There are 2 protein chains.
Amino acid sequence: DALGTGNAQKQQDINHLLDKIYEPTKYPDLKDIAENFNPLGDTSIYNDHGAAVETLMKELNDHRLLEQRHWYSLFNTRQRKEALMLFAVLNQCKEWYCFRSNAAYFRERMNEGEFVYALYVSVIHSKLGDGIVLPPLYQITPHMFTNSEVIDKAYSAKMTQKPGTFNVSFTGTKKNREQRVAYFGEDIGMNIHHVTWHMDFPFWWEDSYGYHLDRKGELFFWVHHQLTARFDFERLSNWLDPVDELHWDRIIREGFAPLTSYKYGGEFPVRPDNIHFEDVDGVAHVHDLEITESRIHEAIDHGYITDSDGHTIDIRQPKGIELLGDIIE
Amino acid sequence: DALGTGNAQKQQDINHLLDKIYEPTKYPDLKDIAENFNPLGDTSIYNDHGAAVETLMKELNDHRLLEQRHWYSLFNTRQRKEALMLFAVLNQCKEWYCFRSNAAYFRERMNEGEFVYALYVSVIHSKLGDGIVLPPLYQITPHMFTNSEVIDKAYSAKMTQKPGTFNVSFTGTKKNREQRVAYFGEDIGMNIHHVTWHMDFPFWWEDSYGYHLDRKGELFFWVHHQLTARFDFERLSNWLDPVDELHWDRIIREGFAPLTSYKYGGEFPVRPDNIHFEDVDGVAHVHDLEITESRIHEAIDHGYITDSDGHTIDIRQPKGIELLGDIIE
Ligand SMILES: *[C@H]1O[C@H](CO)[C@@H](O[C@@H]2O[C@H](CO)[C@@H](O)[C@H](O)[C@H]2NC(C)=O)[C@H](O)[C@H]1NC(C)=O
Ligand SMILES: *[C@H]1O[C@H](CO)[C@@H](O[C@@H]2O[C@H](CO)[C@@H](O)[C@H](O)[C@H]2NC(C)=O)[C@H](O)[C@H]1NC(C)=O
Ligand SMILES: [Cu+2]
C-alpha cells in the first residue's frame, strides 16, 4: 500500500504473496507483518466487527486448521471450509491495509492450497480487488499443470544449478490410445479456464458474501455442455467416435495413468481399465448416486422439483433449467 | 381356581397347562374340562358376548385350524392368525373360570406352538394374569433352545430309562470360524429376552386388544440397536471386525449350519456360504425388498412419511423415529 491503493501496489502486493509459495516469504515487509500483525486488534477494518477473523483465529489457535506443506483438494469438506474461512476475512476488509495484513499473517501459517485458493477467489470476488491481474496458476503452482517428468527435470536443474527449458510430452502411449485427443484436455489454457470458471461462480457461494451470481445454474448447464461438445468435436477430427455416457452399473471401460505428481503428496493414483466402481468410504455409496440420479430424473420427468416441505416448485418454464442446475451440480 | 384367584393357583394352573406339552394332559381336572366344557354356553364370562370364542369354534369346527404335532413359525400369516385367535378368547375372560377352561379346552385340540404362543402372550398382556411367572421357554419346549446332539442324547436317556445331564457344545468348527462370538447368540438368556421383548411389544398388536404399548417404534429402533452394538462389542473382544451390513444385491458371504432340530418338523435347513439371494415363492420377491428399502429411505430423506391419502405426515421431529419404526418393522 500507499496506506491504500495504487494497483501497481495492490498488484505488487499480490505478486509478492504468491511468489515462492512452498516456502516462508522472502519479502521482509510481508514478514514483519507476518509477525507483528494481530487480526484481532482493531475490529474496525472489518465490516464484520471481525467475526470472520475471530473465527479463523479460533481455529488457528486450537490449531485445528490443515497443516502446511501437505496436499489439498477443494473437494475436502474440511479443507474447503478452512480455505473458505480465509476468503471471509480478506472479504470483509475495508481496505488494502486489512488485506495485505491478513494475506501475510495467514499466508505464513495456513496451508498453501487453502492459501492459494483463498487468495484467488478473494481477489476475484471482493470489492477491493479491482486493479489486479492474477499470475497464471500454471506458473505459481506448476505441479498441477506440468507433467511428472518435466517436474523431475526441473528438480535436477535446481540440484545442479544449471538451467534450462524442457519440452513436455503428452500422456499415454500415443499411438496406442485416445491420448490422441490429449492436446485438448491437457492444455494449460483449458485447464486454466476450467478452474477459473468455477472460482468465478463457485458451487459454495451464499448471497451473504455480497451479491448473487446471476444464472449460475444455466451457467453451469452450459459451460459443461460446451466442454462436452468441444471435446466431442476434437474426437471427430481424430477418427474417434463421440463419447460414451458413464453409468453406475457398468465397468469404467476407459482408464488412464496421469503421470502427474503433487508438490507435497506423492504421485496421482492411476486407474486400471475395465474396472468396476467401488463404494468409496467416506464419500458415498455407489448406489447413493443411482438413487440421487433418480430423484433427479423424476424432477425432470414430473414437471416439478419438490423442496423440503413438499412444496412442488415448477420447472416447466424458463427459470427451469437453472433450478435444475442448482440441484444437479 | 378357588372359583377364582389365588395366584399360587393361577400359577399352578399355568404350570399344569405347559407341563409335557407334546402330549395330551395328564392332570385330570384339565381333562374333564377338556371334555366337558363348551366355550359357547354362557357368553357372559366373555366381555365380547363371545365373538372371539365364537370364532375359534367356527374354525375348530370346519377344522381349518393347523394340526397338532406339526411345526409352527409366528412368521406364518395363517399360523399367526390361528395362534392369535386363542389370545383373543383367553383375552376376554372376566375371570380364571374362563381362562383355565379355555386353555384346557383348546390346549387339547389346537396345535402346540399356536398354544404355547397364545398362552404366553395372553398371560403377559391380559388383565387376568398378574400373579404369574411363566416357566422359561428353554425348559417347556427345549427343542428351540438346545442343540441337536443333546437332544438326541436325551432321547436315548429316555429310550433306556437311565438318566443324566449332557454337556452342550457351541456351533461350527470352533477354531475355523466366527463361532467364536457364539457364546453370545446362542445363550438361552438372550434367546429368552429376544422372544420376550417381542411378546411384550408385539408387531401384531392393535389397540382394540386393550391399551396401547407406548413407544414400540422407538422401543423397536433401540432394542435392536442394542443387540447390534452388544454384538459388535463381542466381536471386538474376539479380534473380529465390526459386522458387514447385508445388501440385497450382494452374496450372503457368511453362512452357517445350525445343527438344531424341530420337535415335530426335521432339522433346521442349512445355508452354504457365498450364496446369491433367491426370490422366495410365497413370501416375496427379492426386488420387492429393494423397492421397499427405497420407499423407506425416501421417507427419511424427504422429511415426511406419506400415508394412503397422500397426506405427508412429518417426521422431522421427536415422534419422528417412532413413526419410522412403525413403517420399518
Ligand atoms: C523439444 O522440441 C523443441 C522444439 O521447440 C526442440 O528445440 C529445438 O532444438 C533443436 C536441436 O535439434 C533445434 O534445431 C530447434 O531450432 C529447436 N527449437 C527451439 C524451434 O529450441 C528440442 O530439440 C526438443 N528436445 C529437446 C530432445 O529440447
Ligand atoms: C462336560 O463338562 C463338565 C464341566 O461341568 C464335565 O463334568 C465334570 O466331570 C469331570 C470328570 O472328568 C469332573 O472331574 C468334574 O468335577 C465335572 N464337573 C461337574 C465342575 O460334573 C464333564 O466331564 C464334561 N463331559 C461329560 C465328556 O459330562
Ligand atoms: Cu427382533
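Quick reminder: no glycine exception, Cβ is built from N, Cα and C everywhere.
What Swiss-Prot says about this one:
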type	residues	note
DISULFID	A:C93-A:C98	disulfide bond
CARBOHYD	A:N167	N-linked glycosylation site
BINDING	A:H194, A:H198, A:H224	Cu cation A binding site
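You'll find the Cα of A:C98 (disulfide bond) roughly 42 Å from the Cα of the residue listed as 'N-linked glycosylation site'. Classification of A:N167 (N-linked glycosylation site) by DSSP places it in coil, neither helical nor stranded. Neighbours of A:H224 (Cu cation A binding site), defined as other CB atoms within 10 A of its CB across all chains, total 14. Spatial neighbours are here defined as Cα atoms within 10 angstroms of one another, and by that definition A:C93 (disulfide bond) has no neighbours among the binding-site residues A:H194, A:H198, A:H224. Taking CA atoms as the reference points, A:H194 (Cu cation A binding site) and the residue listed as 'N-linked glycosylation site' are 24 Å apart.
Within the same chain, no residue at least 6 positions away in sequence has its Cβ under 8 Å from that of A:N167 (N-linked glycosylation site). In the three-state DSSP scheme, A:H194 (Cu cation A binding site) is classed as helix. Close contacts with ligand 1, defined as a Cβ under 6 Å from any of its atoms, occur at A:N167 among the recorded positions A:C93, A:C98, A:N167, A:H194, A:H198. In the three-state DSSP assignment, the secondary structure recorded for A:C98 (disulfide bond) is helix. Other Cβ atoms within 10 Å of the Cβ of A:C98 (disulfide bond), summed over all protein chains shown, number 23. A strand conformation is recorded for A:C93 (disulfide bond) in the three-state DSSP classification.
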